[PDB]
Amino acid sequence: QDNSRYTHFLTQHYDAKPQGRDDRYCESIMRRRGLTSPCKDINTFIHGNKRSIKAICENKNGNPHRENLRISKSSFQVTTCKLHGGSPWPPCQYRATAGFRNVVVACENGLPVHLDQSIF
């Protein structure tokens, strides 16, 4: 069961099936996930199956990384939304960068609670 941080993690970084992996996608999703007041500078969404993400917390799909993080063994489709411009207030324009690679997360009680966005 989903503690607040894991739930928060999903709201901010998980979109099972994104309708688009483009700029408009970012503009829409950042808004729906309430990441636009103020505009979040950069935010990556992981797509695909939630269990694979959870699995990064076990050796099943992850390895230790750094001194408190885990990096996935598998690659995920991801979409990074980067704020375009300077205004921290809506409308938040975003440039989307679609990629496919493993991800780094922090796990707590076997659940991903933090996405290291420094690799995007």
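Just count from 1 along the sequence shown to find any residue number.
Look at the C-alpha B-factors of 39-47 and of 82-90. On average they run higher in 82-90. Higher mean CA B-factor, judged across 68-76 and 54-62 from the recorded values: 54-62. Residue 109: CA B factor lies in the lowest third for its chain, per the PDB record. Looking at the C-alpha B-factors along this chain, the one for residue 12 belongs to the lowest third.
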